[PDB]
>>> print(open('entry36.pdb').read())   # PDB, C-alpha atoms and all ligand atoms
MODEL        1
ATOM      1  CA  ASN W 701       4.540 -50.728   2.140  1.00  0.00           C
ATOM      2  CA  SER W 702       6.489 -52.243   5.029  1.00  0.00           C
ATOM      3  CA  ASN W 703       7.816 -55.816   4.520  1.00  0.00           C
ATOM      4  CA  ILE W 704       7.149 -56.878   8.133  1.00  0.00           C
ATOM      5  CA  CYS W 705       3.869 -57.203  10.126  1.00  0.00           C
ATOM      6  CA  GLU W 706       3.156 -54.036  12.159  1.00  0.00           C
ATOM      7  CA  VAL W 707       2.021 -56.155  15.124  1.00  0.00           C
ATOM      8  CA  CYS W 708       4.575 -59.054  15.421  1.00  0.00           C
ATOM      9  CA  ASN W 709       7.452 -57.602  13.340  1.00  0.00           C
ATOM     10  CA  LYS W 710       7.859 -60.808  11.252  1.00  0.00           C
ATOM     11  CA  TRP W 711       7.651 -61.354   7.514  1.00  0.00           C
ATOM     12  CA  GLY W 712       5.282 -63.821   5.950  1.00  0.00           C
ATOM     13  CA  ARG W 713       1.910 -63.677   4.130  1.00  0.00           C
ATOM     14  CA  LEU W 714       1.252 -59.917   4.571  1.00  0.00           C
ATOM     15  CA  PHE W 715      -1.757 -57.808   3.592  1.00  0.00           C
ATOM     16  CA  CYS W 716      -0.883 -54.222   2.793  1.00  0.00           C
ATOM     17  CA  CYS W 717      -2.824 -51.135   3.802  1.00  0.00           C
ATOM     18  CA  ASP W 718      -3.973 -49.014   0.815  1.00  0.00           C
ATOM     19  CA  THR W 719      -3.901 -45.725   2.696  1.00  0.00           C
ATOM     20  CA  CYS W 720      -0.719 -46.052   4.785  1.00  0.00           C
ATOM     21  CA  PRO W 721       2.521 -48.092   4.466  1.00  0.00           C
ATOM     22  CA  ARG W 722       1.662 -50.639   7.198  1.00  0.00           C
ATOM     23  CA  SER W 723       1.288 -54.332   6.591  1.00  0.00           C
ATOM     24  CA  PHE W 724      -0.259 -57.221   8.535  1.00  0.00           C
ATOM     25  CA  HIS W 725      -0.581 -60.900   8.966  1.00  0.00           C
ATOM     26  CA  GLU W 726      -4.237 -61.921   8.508  1.00  0.00           C
ATOM     27  CA  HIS W 727      -4.864 -62.752  12.196  1.00  0.00           C
ATOM     28  CA  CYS W 728      -2.473 -60.166  13.595  1.00  0.00           C
ATOM     29  CA  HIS W 729      -4.780 -57.339  12.371  1.00  0.00           C
ATOM     30  CA  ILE W 730      -7.918 -56.901  14.520  1.00  0.00           C
ATOM     31  CA  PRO W 731     -10.439 -57.467  13.166  1.00  0.00           C
ATOM     32  CA  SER W 732      -8.854 -60.268  10.933  1.00  0.00           C
ATOM     33  CA  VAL W 733      -8.006 -58.819   7.534  1.00  0.00           C
ATOM     34  CA  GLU W 734     -11.217 -58.688   5.472  1.00  0.00           C
ATOM     35  CA  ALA W 735     -11.621 -61.217   2.500  1.00  0.00           C
ATOM     36  CA  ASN W 736     -12.214 -58.766  -0.349  1.00  0.00           C
ATOM     37  CA  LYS W 737     -12.282 -54.888  -0.041  1.00  0.00           C
ATOM     38  CA  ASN W 738     -10.165 -53.084  -2.654  1.00  0.00           C
ATOM     39  CA  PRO W 739      -9.053 -50.629  -1.485  1.00  0.00           C
ATOM     40  CA  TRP W 740      -8.502 -51.811   2.137  1.00  0.00           C
ATOM     41  CA  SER W 741      -7.730 -49.503   4.999  1.00  0.00           C
ATOM     42  CA  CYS W 742      -6.107 -50.865   8.245  1.00  0.00           C
ATOM     43  CA  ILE W 743      -7.352 -50.113  11.753  1.00  0.00           C
ATOM     44  CA  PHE W 744      -4.806 -47.332  12.233  1.00  0.00           C
ATOM     45  CA  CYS W 745      -6.268 -45.577   9.210  1.00  0.00           C
ATOM     46  CA  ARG W 746      -9.888 -46.197  10.287  1.00  0.00           C
ATOM     47  CA  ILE W 747      -9.146 -44.681  13.705  1.00  0.00           C
ATOM     48  CA  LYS W 748      -7.414 -41.661  12.171  1.00  0.00           C
ATOM     49  CA  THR W 749     -10.547 -41.143  10.001  1.00  0.00           C
ATOM     50  CA  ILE W 750     -12.822 -41.032  13.091  1.00  0.00           C
ATOM     51  CA  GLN W 751     -10.575 -38.345  14.587  1.00  0.00           C
ATOM     52  CA  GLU W 752     -10.449 -36.318  11.360  1.00  0.00           C
ATOM     53  CA  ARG W 753     -14.233 -36.421  10.894  1.00  0.00           C
ATOM     54  CA  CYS W 754     -14.778 -35.256  14.499  1.00  0.00           C
ATOM     55  CA  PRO W 755     -11.807 -33.209  15.726  1.00  0.00           C
ATOM     56  CA  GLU W 756     -13.669 -32.556  18.967  1.00  0.00           C
ATOM     57  CA  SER W 757     -13.483 -36.292  19.747  1.00  0.00           C
ATOM     58  CA  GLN W 758      -9.922 -35.500  20.945  1.00  0.00           C
ATOM     59  CA  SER W 759     -10.968 -33.146  23.718  1.00  0.00           C
ATOM     60  CA  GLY W 760     -10.517 -34.605  27.196  1.00  0.00           C
ATOM     61  CA  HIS W 761     -12.987 -37.087  28.627  1.00  0.00           C
ATOM     62  CA  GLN W 762     -13.673 -38.554  32.030  1.00  0.00           C
ATOM     63  CA  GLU W 763     -12.887 -42.316  32.328  1.00  0.00           C
ATOM     64  CA  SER W 764     -16.220 -42.935  34.029  1.00  0.00           C
ATOM     65  CA  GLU W 765     -18.136 -41.531  31.049  1.00  0.00           C
ATOM     66  CA  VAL W 766     -16.021 -43.546  28.543  1.00  0.00           C
ATOM     67  CA  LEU W 767     -16.579 -46.827  30.435  1.00  0.00           C
ATOM     68  CA  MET W 768     -20.376 -46.401  30.326  1.00  0.00           C
ATOM     69  CA  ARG W 769     -20.528 -45.998  26.591  1.00  0.00           C
ATOM     70  CA  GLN W 770     -22.413 -48.607  24.672  1.00  0.00           C
ATOM     71  CA  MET W 771     -20.408 -50.670  22.202  1.00  0.00           C
ATOM     72  CA  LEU W 772     -21.639 -48.995  18.992  1.00  0.00           C
ATOM     73  CA  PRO W 773     -19.438 -49.451  15.899  1.00  0.00           C
ATOM     74  CA  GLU W 774     -16.956 -46.619  16.738  1.00  0.00           C
ATOM     75  CA  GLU W 775     -16.428 -47.856  20.306  1.00  0.00           C
ATOM     76  CA  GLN W 776     -16.113 -51.468  19.052  1.00  0.00           C
ATOM     77  CA  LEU W 777     -13.389 -50.267  16.724  1.00  0.00           C
ATOM     78  CA  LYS W 778     -11.582 -48.291  19.434  1.00  0.00           C
ATOM     79  CA  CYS W 779     -11.461 -51.379  21.728  1.00  0.00           C
ATOM     80  CA  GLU W 780     -10.213 -53.560  18.816  1.00  0.00           C
ATOM     81  CA  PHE W 781      -7.422 -50.997  18.217  1.00  0.00           C
ATOM     82  CA  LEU W 782      -6.537 -50.822  21.925  1.00  0.00           C
ATOM     83  CA  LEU W 783      -6.334 -54.651  22.031  1.00  0.00           C
ATOM     84  CA  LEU W 784      -4.132 -54.555  18.940  1.00  0.00           C
ATOM     85  CA  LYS W 785      -1.775 -51.991  20.549  1.00  0.00           C
ATOM     86  CA  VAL W 786      -1.257 -54.448  23.442  1.00  0.00           C
ATOM     87  CA  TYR W 787      -0.404 -57.301  21.015  1.00  0.00           C
ATOM     88  CA  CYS W 788       2.077 -54.933  19.363  1.00  0.00           C
ATOM     89  CA  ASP W 789       4.346 -55.289  22.435  1.00  0.00           C
ATOM     90  CA  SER W 790       6.357 -58.452  22.462  1.00  0.00           C
ATOM     91  CA  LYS W 791       5.680 -58.982  26.187  1.00  0.00           C
ATOM     92  CA  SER W 792       2.018 -59.657  25.271  1.00  0.00           C
ATOM     93  CA  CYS W 793       3.094 -63.253  24.581  1.00  0.00           C
ATOM     94  CA  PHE W 794       2.877 -63.956  28.282  1.00  0.00           C
ATOM     95  CA  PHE W 795      -0.772 -62.942  28.441  1.00  0.00           C
ATOM     96  CA  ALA W 796      -2.023 -64.209  25.023  1.00  0.00           C
ATOM     97  CA  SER W 797      -3.007 -67.794  25.647  1.00  0.00           C
ATOM     98  CA  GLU W 798      -4.857 -69.549  28.459  1.00  0.00           C
ATOM     99  CA  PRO W 799      -2.756 -69.579  31.663  1.00  0.00           C
ATOM    100  CA  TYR W 800      -2.431 -72.293  34.324  1.00  0.00           C
ATOM    101  CA  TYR W 801      -1.518 -71.974  37.932  1.00  0.00           C
ATOM    102  CA  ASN W 802       0.662 -74.380  39.963  1.00  0.00           C
ATOM    103  CA  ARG W 803       3.138 -72.547  42.146  1.00  0.00           C
ATOM    104  CA  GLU W 804       4.001 -73.337  45.738  1.00  0.00           C
ATOM    105  CA  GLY W 805       2.483 -70.714  48.070  1.00  0.00           C
ATOM    106  CA  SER W 806      -0.015 -69.304  45.548  1.00  0.00           C
ATOM    107  CA  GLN W 807      -3.542 -70.099  44.494  1.00  0.00           C
ATOM    108  CA  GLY W 808      -4.785 -69.365  40.936  1.00  0.00           C
ATOM    109  CA  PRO W 809      -7.268 -66.615  40.295  1.00  0.00           C
ATOM    110  CA  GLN W 810     -10.987 -67.071  40.594  1.00  0.00           C
ATOM    111  CA  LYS W 811     -11.554 -65.681  37.076  1.00  0.00           C
ATOM    112  CA  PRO W 812      -8.712 -66.386  34.698  1.00  0.00           C
ATOM    113  CA  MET W 813      -8.397 -64.078  31.681  1.00  0.00           C
ATOM    114  CA  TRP W 814      -6.149 -63.776  28.638  1.00  0.00           C
ATOM    115  CA  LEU W 815      -5.780 -61.740  25.467  1.00  0.00           C
ATOM    116  CA  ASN W 816      -7.065 -64.313  23.008  1.00  0.00           C
ATOM    117  CA  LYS W 817     -10.207 -64.721  25.147  1.00  0.00           C
ATOM    118  CA  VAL W 818     -10.792 -60.932  24.984  1.00  0.00           C
ATOM    119  CA  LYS W 819     -10.148 -61.106  21.217  1.00  0.00           C
ATOM    120  CA  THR W 820     -12.819 -63.826  20.762  1.00  0.00           C
ATOM    121  CA  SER W 821     -15.195 -61.902  23.019  1.00  0.00           C
ATOM    122  CA  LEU W 822     -14.875 -58.771  20.884  1.00  0.00           C
ATOM    123  CA  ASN W 823     -15.255 -60.762  17.689  1.00  0.00           C
ATOM    124  CA  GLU W 824     -18.430 -62.387  19.014  1.00  0.00           C
ATOM    125  CA  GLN W 825     -19.867 -58.937  20.159  1.00  0.00           C
ATOM    126  CA  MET W 826     -20.070 -60.128  23.773  1.00  0.00           C
ATOM    127  CA  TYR W 827     -19.369 -56.743  25.338  1.00  0.00           C
ATOM    128  CA  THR W 828     -22.258 -54.269  25.471  1.00  0.00           C
ATOM    129  CA  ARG W 829     -20.275 -51.394  27.033  1.00  0.00           C
ATOM    130  CA  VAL W 830     -16.652 -50.253  26.955  1.00  0.00           C
ATOM    131  CA  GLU W 831     -16.523 -51.109  30.672  1.00  0.00           C
ATOM    132  CA  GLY W 832     -16.768 -54.903  29.921  1.00  0.00           C
ATOM    133  CA  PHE W 833     -13.752 -54.829  27.673  1.00  0.00           C
ATOM    134  CA  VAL W 834     -11.694 -52.651  30.017  1.00  0.00           C
ATOM    135  CA  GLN W 835     -12.590 -54.751  33.061  1.00  0.00           C
ATOM    136  CA  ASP W 836     -11.420 -58.000  31.365  1.00  0.00           C
ATOM    137  CA  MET W 837      -8.168 -56.307  30.167  1.00  0.00           C
ATOM    138  CA  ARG W 838      -7.348 -54.968  33.612  1.00  0.00           C
ATOM    139  CA  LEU W 839      -8.167 -58.383  35.118  1.00  0.00           C
ATOM    140  CA  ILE W 840      -5.428 -59.981  33.070  1.00  0.00           C
ATOM    141  CA  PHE W 841      -2.795 -57.877  34.818  1.00  0.00           C
ATOM    142  CA  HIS W 842      -4.384 -57.919  38.243  1.00  0.00           C
ATOM    143  CA  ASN W 843      -4.509 -61.786  38.228  1.00  0.00           C
ATOM    144  CA  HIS W 844      -0.856 -61.852  37.293  1.00  0.00           C
ATOM    145  CA  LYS W 845       0.258 -59.465  40.032  1.00  0.00           C
ATOM    146  CA  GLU W 846      -1.667 -61.357  42.645  1.00  0.00           C
ATOM    147  CA  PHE W 847      -0.432 -64.838  41.604  1.00  0.00           C
ATOM    148  CA  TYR W 848       3.278 -64.004  41.239  1.00  0.00           C
ATOM    149  CA  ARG W 849       3.401 -62.076  44.554  1.00  0.00           C
ATOM    150  CA  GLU W 850       7.049 -61.137  45.156  1.00  0.00           C
ATOM    151  CA  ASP W 851       8.560 -63.023  42.260  1.00  0.00           C
ATOM    152  CA  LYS W 852      10.235 -60.514  39.956  1.00  0.00           C
ATOM    153  CA  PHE W 853       8.066 -61.949  37.146  1.00  0.00           C
ATOM    154  CA  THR W 854       5.243 -59.742  38.530  1.00  0.00           C
ATOM    155  CA  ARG W 855       6.883 -56.912  36.677  1.00  0.00           C
ATOM    156  CA  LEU W 856       5.801 -58.242  33.337  1.00  0.00           C
ATOM    157  CA  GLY W 857       2.194 -57.549  34.383  1.00  0.00           C
ATOM    158  CA  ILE W 858       3.069 -53.971  35.400  1.00  0.00           C
ATOM    159  CA  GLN W 859       4.835 -53.444  32.113  1.00  0.00           C
ATOM    160  CA  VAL W 860       2.065 -54.666  29.824  1.00  0.00           C
ATOM    161  CA  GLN W 861      -0.597 -52.930  31.986  1.00  0.00           C
ATOM    162  CA  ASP W 862       1.288 -49.682  31.469  1.00  0.00           C
ATOM    163  CA  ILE W 863       1.114 -50.178  27.671  1.00  0.00           C
ATOM    164  CA  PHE W 864      -2.624 -50.862  27.954  1.00  0.00           C
ATOM    165  CA  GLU W 865      -3.315 -47.792  30.160  1.00  0.00           C
ATOM    166  CA  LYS W 866      -1.247 -45.343  28.044  1.00  0.00           C
ATOM    167  CA  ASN W 867      -3.028 -46.536  24.914  1.00  0.00           C
ATOM    168  CA  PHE W 868      -6.461 -46.386  26.644  1.00  0.00           C
ATOM    169  CA  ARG W 869      -5.853 -42.747  27.626  1.00  0.00           C
ATOM    170  CA  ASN W 870      -4.718 -41.940  24.014  1.00  0.00           C
ATOM    171  CA  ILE W 871      -7.409 -43.765  22.046  1.00  0.00           C
ATOM    172  CA  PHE W 872     -10.309 -42.677  24.211  1.00  0.00           C
ATOM    173  CA  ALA W 873      -8.861 -39.136  24.759  1.00  0.00           C
ATOM    174  CA  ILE W 874      -8.939 -39.298  28.504  1.00  0.00           C
ATOM    175  CA  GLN W 875      -8.427 -35.853  30.124  1.00  0.00           C
ATOM    176  CA  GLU W 876      -4.803 -35.363  31.096  1.00  0.00           C
ATOM    177  CA  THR W 877      -4.036 -35.055  34.821  1.00  0.00           C
ATOM    178  CA  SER W 878      -1.095 -34.938  37.282  1.00  0.00           C
TER     179      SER W 878
HETATM  180 ZN    ZN W 901       2.049 -60.562  12.503  1.00  0.00          ZN
HETATM  181 ZN    ZN W 902      -3.331 -48.000   7.171  1.00  0.00          ZN
HETATM  182 ZN    ZN W 903     -17.677 -33.635  15.115  1.00  0.00          ZN
ENDMDL
END
>>> encode(input="entry36.pdb", output="structure tokens")
Amino acid sequence: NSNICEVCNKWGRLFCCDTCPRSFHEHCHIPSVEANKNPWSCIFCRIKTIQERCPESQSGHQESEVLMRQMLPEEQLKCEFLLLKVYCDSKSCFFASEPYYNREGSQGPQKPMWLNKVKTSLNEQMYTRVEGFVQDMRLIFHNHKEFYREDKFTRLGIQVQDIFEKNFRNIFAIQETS
């Protein structure tokens, strides 16, 4: 197995996947690495299994159909994996914890949002459809773009949104378009 966390790329107290060489800090894996379970399979492996069981799940889908899906166990897992893929980028640090807003010429957003809040919301089964999860994720980046206006720091929101959107299209097998 790897000797660094797949998510944050640091060593430490690591839990090793039994079916692939990845390793994880306890609270870097989503969901948090389970207490017992021998063997244990990581989220990457669990997602691969879904695909392998239903090859047709990789045919193209419309975004509007995906968003309306209820959060049954497979869709719960897919959103946990998509959230984890965002944390995998180091620029997620900017969006992880609760933001505050005090900048001359700007007003903070009406509905602040951050990654750890989405993480808690998934853990607590607060989303009933994929749409709820995707709306809160996109809100993170939209709040950032609006607040930072023409400061070059706005780009960090474009960058992490692009990681989110690419991973959304991959995980949920969104139909490719030009
Ligand atoms: Zn880690
Ligand atoms: Zn694995
Ligand atoms: Zn099938």
>>> residues_around(input="entry36.pdb", residues="residue 832 of chain W", least_positions_apart="2", cutoff="12 Å", atoms="all atoms listed in the file", output="MDAnalysis selection string")
chainID W and resid 766:771 775:776 779 818 821:822 825:830 834:839
>>> closest_residue(input="entry36.pdb", among="W:763, W:846, W:824, W:774", to="residue 809 of chain W", atoms="all atoms listed in the file")
W:846
>>> resolve_selection(input="entry36.pdb", expression="the PyMOL selection byres (((not hetatm)) within 12 of (chain W and resi 902))", output="ChimeraX atom specification")
/W:701-702,706,715-724,729,733,739-749
>>> residues_near_ligand(input="entry36.pdb", ligand="ligand ZN 903 (chain W)", cutoff="9 Å", atoms="only C-alpha atoms and all ligand atoms", output="list in words")
residues 751, 752, 753, 754, 755, 756 and 757 of chain W
>>> resolve_selection(input="entry36.pdb", expression="the PyMOL selection byres (((not hetatm)) within 6 of (chain W and resi 901))", output="PyMOL selection string")
chain W and resi 705+707-708+710+724-725+728
>>> closest_residue(input="entry36.pdb", among="W:813, W:858, W:750, W:730", to="residue 783 of chain W", atoms="all atoms listed in the file")
W:730
